[PDB]
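**Student:**
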Amino acid sequence: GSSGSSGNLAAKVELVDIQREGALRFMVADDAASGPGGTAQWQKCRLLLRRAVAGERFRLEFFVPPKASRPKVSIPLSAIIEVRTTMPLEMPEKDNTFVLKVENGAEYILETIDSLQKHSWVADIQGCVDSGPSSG
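Be aware that the sequence shown starts at 1, since it is given in PDB author numbering, and climbs by one per residue.
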């Protein structure tokens with residue numbers, strides 16, 4: 001007698017749940033024609049990468065502002081289907097920027113301190129999205 005079919009996943013890992021956390025700017029590729037336009041769409045937010053519970057492996061949180069008690073654009077790590085590290089023609093191809101393609105056809109352009117932080121992040125996310133098991 002049992003229910004769930006999850007399995008026995010026990011790891012004595014001696015590491016921290018939070019993979020990576022930092023305060024960087026984020027933006028979504030869209031019309032954004034909500035006015036005249038000008039100021040750098042770049043918005044202040046805090047990126048917090050932590051493992052999720054109740055199934056979900058991980059979940060990305062975009063605290064906007066980064067001082068808010070709760071995340072504004074809290075997206076699950078499951079939504080991410082592909083992370084493009086390329087840049088458009090209107091972008092100077094910053095060394096500290098990356099795109100996040102979710103399952104809802106939405107790209108989130110983020111900008112970290114330097115090419116050092118950026119790359120890292122791409123690893124914290126990709127390392128989770130992929131790591132996740134095939135089923136359940």
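From the three backbone atoms N, C-alpha and C, an ideal C-beta is built for every residue, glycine too.
Would you mind working out which of 37, 65, 6, 18 sits nearest residue 25, comparing C-alpha positions?
**Tutor:** For the purposes of this step, residue 25 is identified with residue 25 of the sequence shown, where counting begins at 1. Cα-wise, what sits closest to residue 25 is 65.
**Student:** Considering just the uninterrupted stretch of the alpha helix (DSSP H) at residue 47, what are its terminal residues?
**Tutor:** Residue mapping note: residue 47 aligns to position 47 of the sequence shown, counting from 1. Here residue 47 belongs to no alpha helix (DSSP H); instead the beta strand (DSSP E) covers 43-51.
**Student:** Taking the alpha carbon of residue 94 as the reference point, which residue from 129, 67, 115 has its own alpha carbon closest?
**Tutor:** As a working note, residue 94 is residue 94 in the sequence shown. Nearest of 129, 67, 115 to residue 94, Cα basis: 115.
**Student:** Helix, strand or coil for residue 127 per DSSP?
**Tutor:** Counted from its first residue, the sequence shown places residue 127 at position 127. The answer is helix: DSSP assigns residue 127 an H, G or I state.
**Student:** Who does residue 109 pair with in a DSSP beta bridge?
**Tutor:** On the sequence shown, residue 109 is found 109 positions in, with the first residue counted as 1. For residue 109, which the question treats as bridged, DSSP gives the partners 27.
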